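Chain residues, written in single-letter form:
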There are 2 protein chains.
Amino acid sequence: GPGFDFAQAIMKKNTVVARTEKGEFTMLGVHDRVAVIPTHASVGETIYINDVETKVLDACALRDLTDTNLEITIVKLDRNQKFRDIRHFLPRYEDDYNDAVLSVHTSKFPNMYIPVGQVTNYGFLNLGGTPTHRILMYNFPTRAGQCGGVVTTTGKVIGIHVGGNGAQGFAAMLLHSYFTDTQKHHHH
Amino acid sequence: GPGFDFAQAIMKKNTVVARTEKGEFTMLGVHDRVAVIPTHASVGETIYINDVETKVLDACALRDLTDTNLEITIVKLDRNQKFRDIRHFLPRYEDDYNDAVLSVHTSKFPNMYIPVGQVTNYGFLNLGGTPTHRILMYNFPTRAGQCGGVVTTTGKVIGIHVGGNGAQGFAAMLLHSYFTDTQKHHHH
Ligand SMILES: *[C@@H](CC(=O)OCC)[C@H](C[C@@H]1CCNC1=O)NC(=O)OC(C)(C)C
Ligand SMILES: *[C@@H](CC(=O)OCC)[C@H](C[C@@H]1CCNC1=O)NC(=O)OC(C)(C)C
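Residues numbered from 1 in each chain as written, not as in the entry; some residues may be left out. Chains lettered and ligands numbered in written order. Heavy atoms only, no water.

- In its metadata, the entry names X-ray crystallography as the structure determination method and reports 2.05 Å as the resolution.

Below, the structure written as structure tokens:
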């Protein structure tokens, strides 16, 4: 019994449509003015958020300690509204999951929910020719237009959709420690 | 709070993918080997059901007593499996509804759910140049590929999706009396 109600609460308060030179993506807002988007979106210095041109104050394309793409880009946005803080719904650790929902919020699909079933910690993925780590996999035929879609179970936001091979879909994990209010160094 | 669980139970036991010369449509099975599909599908003497070629034993393109298109075609299929009988979930009368779900089951979207919000008894619609009666309307930007999609609230199957103008979506009603085990006359 997929957590449709939870998915819908997340979509309603915590997603916007983002558009870059690469097209539209569902965008999950995490806290304050911080959101995520797949790294293949190629975030620049500005982005459209619900068709409003918006200054990108920071964009961090995450990579692990092997210097490998994680496919998550964290963005800080110059806008007035704060996102509801949903960090407490992010998992602490890598995990497998049951009965997940993928939800999309784009111009073409402003509110759509797809039960993808079981989600497994998959690991390595050649993503459009880019070596990528920390991938989650579900046996569902996801399509173009669903990148950035949010993967939830009840009470957890576990990843965002980034790829698919026609039979399976792939999400980059979200972990709680990606967003903890932290320390000082030169990142660009 | 949309009835996602109800929608999912209907999709799981009572839909198949149907494909005609016009493309793929979600197809709702109602009872025995009787199903529905939008009249614009142009059902012939055979149809594909989950990619299996299937004899169409009867196809009745419903019209009202003004001789106007209702956009429902009832089909009787030569296949082994019986549909779970869901006639008791069909409304008796025309009505307006709250918080409906539209669900799609095609090759491209084998399982997708879209909350469309309020559903109003709309009446007349010029559907792709065909005058049509008994239409339901929802303020949601439905797209090509969603025709045949099932419109539910908890406990009722109220219509199938047939059209849209980019801002609103339109479904043809289903009424309980369309499927009551009835009497004798020449219909073709
Ligand atoms: C989401 C982004 C997209 O559609 O970009 C257009 C090129 C894509 C989702 C998968 C496409 C096929 N099925 C999917 O679930 N991801 C994507 O295209 O990844 C790259 C690496 C850009 C090819
Ligand atoms: C469903 C059938 C379809 O896609 O046929 C391809 C021509 C269509 C749904 C609407 C299209 C735009 N938005 C919709 O919600 N219905 C449709 O195209 O109706 C006709 C009468 C065939 C034009």
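So that's the structure; there's more coming.
1. Notes on the domain arrangement of chain A
Accessible area lost when the parts come together is the quantity often used to give the size of an interface.
Residues and elements named next belong to chain A.
1) Next: Considered domain by domain, chain A is made up of domain 1 (1-14 + 84-188) and domain 2 (15-83).
2) Next: Its C-alpha centre places domain 1 at a distance of 14 Å from the equivalent point of domain 2.
3) Next: Listed as interface residues are 37 residues of domain 1 and, on the opposing side, 31 residues of domain 2.
4) Next: Inspection of the domain 1/domain 2 interface yields 0 salt bridges.
5) Next: Inspection of the domain 1/domain 2 interface yields 13 residue pairs in polar contact.
6) Next: Considering every element that reaches the side of domain 1 that touches domain 2, the biggest residue donor is strand β9 (residues 130-138), with 5 residues.
7) Next: Looking at side-chain class alone, the side of domain 1 that touches domain 2 contains 17 nonpolar, 13 polar and 7 charged residues. (Domains from an automatic or database assignment. Contact = heavy atoms within 4.5 Å. Salt bridge = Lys/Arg side-chain N within 4 Å of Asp/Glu carboxyl O. Polar contact = N/O pair within 3.5 Å; in protein donor to acceptor, adjacent residues only side chain to side chain. Helix = DSSP H or I, 4+ residues; strand = E, 2+ residues; numbered from the N terminus. Nonpolar A, V, L, I, M, F, W, Y, C, P; charged D, E, K, R; others polar.)

2. Thoughts on the packing of aromatic side chains
1) Next: Taken as a whole, this structure holds 10 aromatic pairs over all chains when the rule is applied.
2) Next: Measuring from centroid to centroid gives 5.1 Å for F6(A) and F89(A), while their planes differ by 75°, and the two rings are edge-to-face. Here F6(A) is found in helix α1 (residues 4-14), whereas its partner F89(A) is found in the loop between β6 (69-77) and β7 (97-104), with 83 residues between them in sequence. For the pair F6(A) and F89(A), one class covers both residues: buried.
3) Next: Centre to centre, the rings of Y122(B) and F170(B) are 5.2 Å apart; their planes meet at 55°, and the pair counts as tilted. Here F170(B) lies in strand β12 (residues 169-173) and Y122(B) lies in strand β8 (residues 112-127), a separation of 48 residues in the sequence.
4) Next: Judged by its relative accessible area of 3%, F170(B) is buried.
5) Next: A connected cluster of aromatic rings, assembled from ring pairs, spans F4(A), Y113(A), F4(B) and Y113(B).
6) Next: The ring centre of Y48(A) lies 4.1 Å from the NZ or CZ of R19(A), which sits over that ring. (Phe/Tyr/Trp six-rings, centres within 6.5 Å; stacked < 30°, edge-to-face > 60°. Buried < 20%, exposed > 50% of the residue type's maximum accessible area, 1.4 Å probe, protein only. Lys NZ or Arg CZ within 6 Å of the ring centre and 35° of its normal.)

3. Notes on the site of ligand 1
All names here are of chain A.
1) Next: Every residue close to ligand 1 is listed here: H40, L127, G128, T142, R143, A144, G145, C147, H161, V162, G163 and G164.
2) Next: In this structure, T142 approaches ligand 1 through a side-chain N or O atom, which is 2.6 Å from an oxygen atom.
3) Next: For ligand 1, the protein covers 63% of the area, taking 530 Å² as the surface of the free molecule.
4) Next: Residue contributions to the shell around ligand 1 peak at 4 residues, all from strand β11 (residues 156-164). (Near = heavy atom within 4 Å. Areas by Shrake-Rupley, 256 points an atom, 1.4 Å probe, with all protein chains shown as cover.)

4. Focus: the nonpolar core
1) Next: Core analysis: the biggest nonpolar cluster contains 64 residues, and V157(A) and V157(B) have the highest contact counts within it.
2) Next: Once residues within four sequence positions are removed from consideration, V157(B) is found in contact with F6(B), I10(B), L28(B), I86(B), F89(B), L90(B), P91(B), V150(B), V151(B), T152(B) and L174(B).
3) Next: Of all hydrophobic cores here, the second largest spans 32 residues; its members include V104(A), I114(A), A171(A) and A100(B). (Core = buried A, V, L, I, M, F, W, Y, C linked by side-chain atoms within 4.5 Å.)

5. As for the pattern of salt bridges
Residue and element names in this part refer to chain A.
1) Next: What the rule picks out here adds up to 12 salt bridges over all chains.
2) Next: With a shortest N-O distance of 3.0 Å, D85 and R87 are connected by a salt bridge.
3) Next: Note on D85: relative accessible area 36%, which makes it partly exposed.
4) Next: A residue is classified by how much of its surface remains accessible, and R87, at 12% relative accessible area, is buried.
5) Next: In this structure, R134 and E94 form a salt bridge, with 3.8 Å as the shortest nitrogen-oxygen distance. Taken together, the positions of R134 in strand β9 and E94 in the loop between β6 and β7 put the pair 40 residues apart, joining distant regions of the chain.
6) Next: What emerges from the salt-bridge pattern is a single network uniting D85, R87 and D181.

6. Let's talk about the relation of the copies chain B and chain A
1) Next: Each copy superposes on the other: chain B lies on chain A with an RMSD of 0.0 Å after a rotation of 180° and an axial shift of 0.0 Å. Look at the turn and shift together and you get a two-fold axis relating the two. Identified as the residue of chain B closest to the rotation axis by C-alpha distance is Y113(B), at 2.6 Å.
2) Next: Both copies share a contact surface, since 100% of the interface residues of chain B are interface residues in chain A too. (Least-squares fit on C-alpha atoms.)

7. A few points about the side chain of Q8(A)
1) Next: Its location among the elements puts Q8(A) in helix α1.
2) Next: Setting aside its immediate chain neighbours within four residues, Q8(A) contacts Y113(A), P2(B), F4(B) and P115(B).

8. Considering the site of ligand 2
All names here are of chain B.
1) Next: Taken together, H40, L127, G128, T142, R143, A144, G145, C147, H161, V162, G163 and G164 make up all the residues around ligand 2.
2) Next: Contacts to ligand 2 include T142, whose side-chain N or O atom sits 2.6 Å from an oxygen atom.
3) Next: Contact distances for ligand 2 include 3.4 Å between an oxygen atom and a backbone N or O atom of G145.
4) Next: Look at ligand 2: alone it shows 520 Å² of surface, and the protein chains cover 63% of it.
5) Next: Looking at the shell around ligand 2 element by element, the count peaks at 4 residues for strand β11 (residues 156-164).
6) Next: Of the residues assigned to the shell around ligand 2, the class counts are 4 nonpolar, 7 polar and 1 charged.

9. Overview of the packing of α1(A) against helix α1 (residues 4-14) of chain B
1) Next: Contact geometry of α1(A) with α1(B) gives a least axis separation of 10 Å together with a crossing angle of 120°. It follows that α1(A) is oblique to α1(B) by the angle criterion. In this structure, α1(A) contributes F4(A), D5(A) and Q8(A) to the contact, and α1(B) contributes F4(B), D5(B) and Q8(B). (Axes fitted to C-alpha atoms, helices over the stretch in contact; angles between N-to-C directions. Parallel < 35°, antiparallel > 145°, perpendicular 65-115°, else oblique.)

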